[PDB]
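Contents: one structure, followed by commentary.
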2 protein chains.
Amino acid sequence: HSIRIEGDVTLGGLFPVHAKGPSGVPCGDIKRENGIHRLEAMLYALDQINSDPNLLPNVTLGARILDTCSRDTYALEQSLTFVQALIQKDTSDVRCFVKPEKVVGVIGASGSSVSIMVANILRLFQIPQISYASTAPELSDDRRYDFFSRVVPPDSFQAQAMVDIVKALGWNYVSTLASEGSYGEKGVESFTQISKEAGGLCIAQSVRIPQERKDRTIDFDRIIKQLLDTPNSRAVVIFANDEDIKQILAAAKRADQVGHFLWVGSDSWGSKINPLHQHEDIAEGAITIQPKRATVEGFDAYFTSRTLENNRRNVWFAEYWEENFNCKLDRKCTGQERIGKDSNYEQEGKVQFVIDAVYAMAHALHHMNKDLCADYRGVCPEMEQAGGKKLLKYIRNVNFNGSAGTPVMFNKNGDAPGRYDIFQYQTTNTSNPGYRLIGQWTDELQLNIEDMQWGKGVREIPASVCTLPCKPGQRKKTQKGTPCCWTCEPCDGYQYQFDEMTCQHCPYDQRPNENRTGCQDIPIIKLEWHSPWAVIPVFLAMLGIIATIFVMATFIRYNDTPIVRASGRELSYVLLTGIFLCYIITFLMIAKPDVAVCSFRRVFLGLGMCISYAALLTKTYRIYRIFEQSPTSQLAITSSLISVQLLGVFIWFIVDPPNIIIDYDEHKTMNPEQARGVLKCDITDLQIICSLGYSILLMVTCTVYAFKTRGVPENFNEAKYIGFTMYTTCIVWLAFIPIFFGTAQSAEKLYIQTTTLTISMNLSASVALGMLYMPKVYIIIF
Amino acid sequence: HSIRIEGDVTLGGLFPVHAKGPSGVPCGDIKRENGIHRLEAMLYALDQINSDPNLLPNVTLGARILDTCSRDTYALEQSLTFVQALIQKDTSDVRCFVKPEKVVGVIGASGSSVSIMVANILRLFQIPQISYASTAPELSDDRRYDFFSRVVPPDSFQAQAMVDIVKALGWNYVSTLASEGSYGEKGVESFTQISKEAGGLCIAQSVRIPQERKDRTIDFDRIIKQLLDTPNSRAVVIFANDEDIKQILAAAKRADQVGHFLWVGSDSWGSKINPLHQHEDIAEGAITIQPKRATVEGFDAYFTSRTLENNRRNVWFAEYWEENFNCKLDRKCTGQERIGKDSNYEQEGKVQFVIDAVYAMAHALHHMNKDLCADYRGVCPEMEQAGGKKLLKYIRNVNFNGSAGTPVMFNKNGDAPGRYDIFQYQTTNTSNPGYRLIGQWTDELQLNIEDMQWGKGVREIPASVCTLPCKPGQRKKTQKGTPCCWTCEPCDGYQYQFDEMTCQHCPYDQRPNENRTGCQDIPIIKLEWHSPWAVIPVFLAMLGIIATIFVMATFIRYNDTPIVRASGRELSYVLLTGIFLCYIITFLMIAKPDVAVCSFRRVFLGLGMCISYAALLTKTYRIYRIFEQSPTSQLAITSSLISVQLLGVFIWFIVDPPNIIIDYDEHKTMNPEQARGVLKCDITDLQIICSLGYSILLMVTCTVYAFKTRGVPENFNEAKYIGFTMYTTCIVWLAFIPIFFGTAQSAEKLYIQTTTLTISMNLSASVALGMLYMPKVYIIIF
């Protein structure tokens, strides 16, 4: 039934001694890997606790060893048997009793469903419980399970270590694989939850492996084809058993895979030689996480020294001896004493866990007994009445060293912290083909990157980033898709990137650079006489300067002879200053100064143009009055119209401020690298037309006046000279208007209008200069 | 201990026979309101079930009556007592047994905490449970409590009925009040959750009533002051007990409240006269919800007929008899037989609930037995092995009539549907001062609005809407604040509301209306001669018609006499047509036609002006050539300039299309009601100025040639006449230009320029005909 140990204080025990078989019997055949070994470990722990005078010197500690048969209903019945000895009141019956058996705690519930059921049934009665083999993450809520504790870390710490390794090594694409049951699904769920909470990692594949048959070999090909769709995903994680990973490796070897994507192992993989067979080349570089294993020396010596006649408390020891050696009382075995010699058995890794659990329970009980009563030698009556949340609180706050080197402790949730060591398979350069230690994980990730060289190559050879770096000098972030991995697109070349995440438009009126760092147009456009067609007007202006050095040459000496006295002296002085005035005007407009000095240049052609025709205006009126029938009077009338031209530019100054702006915008999208800039002062189309249009009125009157003058028998060469000049200037004035209109639609018209105006002004004066040249050479001959 | 009844099938029973007292003893004094009455009801139900051959004819039904003492741990132990009889395997001890007592179900757990504990402890063992007094809404989750059922509706249905009544009557302001414990808080939480889920209702006040003392009388004043802050909130709900509402009514009466806000009652209020005292005026019009009460006739006759020696199964009957009559075996009582006579006791409303629960359990068991085996007379062995979810599923699907008229049933969750009747207090005008029925609530709300008036008032006297419905022609929804009540603000008056929820902008060029239904400007502005100052130009045009009726009068007959032959006949024909041409032009411009017919009107003043001055131009040249020294020649030169004016308007039509647009926008925000509209064709200030400027250009060349004409002794009267007109014409032209500049900034300049142009044409033509007709009158008088 159940092993009973006498003692004033006892604690329960749950262990899967038997295994469930057919549907009829609850549990059938016995198991040796977890059946008798844990019972013997607990018995040895109780023995060495009773022997040790340091813990509980004057009080002994008992227990009630008991089996669960790996059944939930049987676990319920056994928990009810544990609790009834203290809950039951009486029974009104006589047949024709036993010790009350006051339990204080329970140590067991190796499985998951039985653990949950025992926690649920014992949470109501307020009895503490400590498990050793419960690794399910469901038993991690303090509110759901108040009285529950674990000495083994759950799979959440394993998933945290996996995601930390992935983040440290550098990966973005990972595939999740899980097997049937409540282990792989919970593992992958915790992994996805941690990846979503921490951020920076995403899941690209999620496949499920059913267990409806074992002779299919089709679902494995299907999942390997689903995984082989994206060559970028080179990292996968597995939470299955050894058979599933062996079949996956066999399928990968038989499928002739060339990418050789990496693998991430779980606790089920560990470090064994069985999961590897002929697949050493493809399984190389698989990061596996395995819990730390510690081997004790006392439990083995205790177990190897027990025989049938030595101990009688264990009721399943005889059945274990019969099943181990396959001898029933048609082979009989009597006193072999070869349990540790005939069979090469090895102790399990869970013995230290149950030993640490018993240690923690004993330490908590001793601390509670010491704190409650200290003036009594034996068992004080207060300890019996005091129980419940106090023992749980004392269990939560404990810290000591057990059989293993690492200590045991409980966090706020109640589970032990996770401590793992990372292994890796190397069989190319390392002399030892077995796994080698590369790092540990207790509280912070400590991994040696330079100590691992998988695939006979450099460490950081494989990368899964969803994309290339894509850094050509500009980058843009796209909200489309998952925020895990991003896509880069080339934005417009008229602007640079902002904060390396967007392509915002830089201010206009300049051009951007080539590295997308600045938006400024350093190059400018300036008029050059040599480069543009302005060389001919500049040469024409120089040609006119040579010509005017001849009209005024024969004027300084020929001022008193009785030959020039026929011409008016006042009229001669007017034309002399007018010819020199226009020569300076064409030179000023040719030069383009950036300084605010163009105000003195506009008056050279504005006011200096009327003084040229002023001498011609009164000349025709003087020779016309003698036909119809005071030299100082002719000078005054011309001086008046000069004041009108001088005052005309004055009122324009007070009208609008002479603001000079040198900045210009091409606003041309055909060539983004091109940046055309023109700097002009008072650029107005109507201003230059209205200023030149004023001279058109007086010239039109002089043209009609000179036409009627023709035919007077007064002068022969003089009358013929003035007649031709009145008919030649009208042509260049009439042609100027067509070229002005319908041509300004472009942007290069800022420097072509000056060139044609420079040549037009020179030719209009050369015809007058040539007309004056004829009398000069004539009087020289005569 | 516990009452035991022999039977092949038994079901457990939990009842609060005793009540908890001091901390030492679990339960002390007994209670008669729920202690013995429910036990006797269950016993009578079992007796009439065993007597009835319709249900379970060949099989009897037993039970195990038992007490809970209103303790959670005691209830847990007593519930474990039920399951241990089946769970316990054996006991390896001898002293020097009993039937297994296989239980099938349990009926009890009247409280809430004990109900939760029993459900949690029996969910693991898969045992059905039916409660009768558990009204906590926590025991309503099927996933949390699988094996659990209730025959009493929870408070969620009560909150649903309350919110339905509030929505039907019409309210927006409700104040939630709750007492201590786990009843009022859960009620107000369910009410708020239902209000948030359904929508249309909001919570404005949420106060909590502690129970740390009873002699304070300060927190009640504080909460009544907190409730009296907003007079608009006239509806409150209460989930407290009778003492709290009595104290609240007393405080409201002593505070001299004048608003008299309505009240909403809960099941704790019900219909009882004890709480109301001197508060009939303030408690009037309070809606109270009470569960339906049904009185049975068999249980009373059964209880009134039992004595001490009649029944011996009940172990607490003697203690109940001792405590009821206050006699111990210093007063002794022997065979009184006056339990129903000395004490005016009345049966509770929960007897029908336990009777219906036992009925449902028996019906489900009978149906399961009939479906499982029908070829066996007695108890078939299959029924014992089959149990668990099948019995629960059969309990869920049940429908029959119990002791009360209403049937019993279970929904998907497992609780009974809610059936309540609404009461109201009316005393100022009702014939009976007691509560009167006004409506019922079983599945849909059925309330009579006209039935409730509470005297001197309509049923819809109070109003709680959080805002007065604004309907003056303006409405707008503001997202600020809670969606419960809406605030409307006066938007701009230049637009109407869209969808009665926003103030969107109507299209421009049209004013809005007054009711904010349409945005259209029906009124228009048209020129009127009588209304505006255009009467004087119209009278001037009529006065000009009188003048031309005299110039052409003496022209038809005076065409052959040797007196007029001095004047040119060709020139006389030009002035005759020119004077009649301008007379028609001033009339056309005065008229404003809506159709696009002004093209024939613009040529009357554009081309008709040139023919008027054509006769004056050639007249000066004709009289000037005779001074310097072919009548058809002067006719041709004037006919040529007419072709220039005629062809000038032709090329303008080819330049741009003569589109006529009458739509206009005032764009004035000073007066939104005003809508100024002006309709014109080809309204351009430069077009009218350039057309009139053509005559000014030719007039300048004519006046200069007329200066030498003065002083010629040819015709002194004729020469002096022409010189006088010239100065007058240039005067009206010189004043015309400063007019348009600096005056067009307003919007009424569309009809003032036509008036001043009309009088200018008549004045310029009157002086022309005056000097021309001056020599005509010489031959008349002389």
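Using Swiss-Prot numbers, chain A covers 41-136, 144-376, 387-686, 698-850, in order.
Placed from the backbone N, Cα and C atoms, the Cβ positions cover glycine too.
In three-state terms derived from DSSP, A:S181 (L-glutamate binding site) belongs to neither a helical nor a strand segment and is classed as coil. Under a cutoff of 8 A between CB atoms, and with a sequence separation of 6+ in the same chain, the neighbours of A:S181 (L-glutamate binding site) are A:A156, A:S157, A:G158, A:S159, A:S162, A:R197, A:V199. Per Swiss-Prot, L-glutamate binding site is recorded for A:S159, A:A180, A:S181, A:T182, A:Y230, A:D314, A:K407.
Note: A:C109 (disulfide bond) has non-local neighbours A:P56, A:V57, A:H58, A:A59, A:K60, A:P66, A:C67, i.e. same-chain residues 6+ apart with C-beta under 8 A of its own C-beta. Under the heading disulfide bond, Swiss-Prot lists A:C67-A:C109 (among others).
Per Swiss-Prot, the feature disulfide bond maps to A:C249-A:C541 (among others). Around A:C541 (disulfide bond), the C-beta neighbours below 8 angstroms that are at least 6 residues distant in the chain are A:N219, A:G247, A:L248, A:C249, A:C523.
Its Cβ taken as reference, A:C390 (disulfide bond) is surrounded by 15 other Cβ atoms within 10 Å in the chains shown. Here Swiss-Prot flags A:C374-A:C390 (among others) as disulfide bond.
The disulfide bond annotation in Swiss-Prot covers A:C430-A:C437 (among others), and the record cites similarity to another entry as its basis. Sequence-distant neighbours of A:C437 (disulfide bond) (same chain, six or more apart, CB under 8 Å from its CB) are A:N426, A:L429, A:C430, listed in sequence order.
Sequence-distant neighbours of A:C542 (disulfide bond) (same chain, 6+ residues apart, CB-CB distance under 8 A): A:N219, A:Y220, A:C249, A:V522, A:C523, A:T524. Per Swiss-Prot, disulfide bond is recorded for A:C523-A:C542 (among others), and the stated evidence type is similarity to another entry.
Counting only same-chain residues at least 6 apart in sequence, those with a Cβ under 8 Å from the Cβ of A:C527 (disulfide bond) are A:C545. What Swiss-Prot records for A:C527-A:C545 (among others) is disulfide bond.
Among the features that Swiss-Prot reports, disulfide bond is placed at A:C548-A:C560 (among others), with the record citing similarity to another entry. Using a 10 Å radius centred on the Cβ of A:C560 (disulfide bond) and all shown protein chains, the other Cβ atoms total 19.
A:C576 (disulfide bond) carries a strand DSSP state (E or B). All protein chains included, A:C576 (disulfide bond) registers 17 other Cβ atoms within 10 Å of its own Cβ. Here Swiss-Prot flags A:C563-A:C576 (among others) as disulfide bond, drawing on similarity to another entry.
The N-linked glycosylation site annotation in Swiss-Prot covers A:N98 (among others). Same-chain residues at least 6 positions away in sequence with a Cβ under 8 Å from that of A:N98 (N-linked glycosylation site) are, in sequence order, A:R434, A:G435, A:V436.
What Swiss-Prot lists as N-linked glycosylation site is A:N458 (among others), and the listing cites sequence analysis. In three-state terms derived from DSSP, A:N458 (N-linked glycosylation site) belongs to an extended strand segment. Counting every protein chain shown, the number of other Cβ atoms lying within 10 Å of the Cβ of A:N458 (N-linked glycosylation site) is 11.
Taken from Swiss-Prot, the feature N-linked glycosylation site applies to A:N486 (among others). The secondary structure of A:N486 (N-linked glycosylation site), as reduced to three states from DSSP, is coil rather than helix or strand. Sequence-distant neighbours of A:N486 (N-linked glycosylation site) (same chain, six or more apart, CB under 8 Å from its CB) are A:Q510, A:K513, listed in sequence order.
Less than 8 angstroms from the CB of A:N572 (N-linked glycosylation site) sit A:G530, each of them six or more residues away in the same chain. The N-linked glycosylation site annotation in Swiss-Prot covers A:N572 (among others), and the record cites sequence analysis as its basis.
Taken from Swiss-Prot, the feature topological domain 'Cytoplasmic' covers A:616-627 (among others), and the record attributes it to sequence analysis.
Sequence-distant contacts of the topological domain 'Extracellular' (A:649-654) (same chain, at least 6 residues past either end, Cβ-Cβ under 8 Å): 583-584, 728, 730, 747, 749. Here Swiss-Prot flags A:649-654 (among others) as topological domain 'Extracellular'.
With a cut-off of 8 Å between Cβ atoms, the residues of this chain six or more beyond the topological domain 'Extracellular' (A:724-753) that come close are 550-551, 565-569, 578, 580-582, 651, 653, 655-656, 659, 808, 812, 815-816, 818-819. Positions annotated as topological domain 'Extracellular' by Swiss-Prot, on the basis of sequence analysis: A:724-753 (among others).
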* **Long-range neighbours of the transmembrane segment (A:826-850), counting only residues six or more past its ends (CB under 8 A)** => 591, 593-595, 597-598, 600-601, 604-605, 607-608, 611, 615, 620-621, 632, 636, 639-640, 642-643, 646-647, 662, 669, 785-786, 789-790, 792-793, 796-797, 800, 804
* Structure fact -> Residues in the topological domain 'Extracellular' (A:811-825) per DSSP class, helix first, strand next, coil last, are 6 helix, 0 strand, 9 coil
* Asked: Once the DSSP letters are reduced so that anything not helix or strand counts as coil, what is A:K407 (L-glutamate binding site)?
  -> coil
* Greatest inter-residue Cα distance in Å for the L-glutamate-binding set A:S159, A:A180, A:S181, A:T182, A:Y230, A:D314, A:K407 -> 18
* To do: Could you give the residue numbers and ranges of same-chain residues that sit at least 6 residues beyond the topological domain 'Extracellular' (A:811-825) on either side and whose C-beta is under 8 angstroms from one of its C-beta atoms?
  => 584, 589-591, 593-594, 646-647, 734, 736, 744, 746, 748, 751, 753, 804
* Asked: Tell me, by DSSP, whether A:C249 (disulfide bond) is helix, strand or coil?
  -> strand
* To do: Please give the Cα-Cα distance in angstrom between A:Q686 and A:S698, rounded to a whole number; the 11 residues between them are not modelled.
  => 15
* Structure fact -> Across 10 unbuilt residues, the C-alpha atoms of A:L376 and A:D387 lie a whole number of Å apart, namely 8
* Asked: Here the disulfide-bonded residues are A:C374, A:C523, A:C548; which one has the lowest number of other Cβ atoms no more than 10 Å from its Cβ?
  -> A:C374
* Asked: How many Å lie between the Cα of A:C390 (disulfide bond) and the Cα of A:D314 (L-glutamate binding site)?
  -> 39
* Asked: In this deposited model, 7 residues are left out between A:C136 and A:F144; how far apart are their Cα atoms, in Å?
  -> 13
* Structure fact -> What remains of the disulfide-bonded residues A:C548, A:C560, A:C563 once a 10 Å Cα-Cα cut-off to A:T182 (L-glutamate binding site) is applied is none
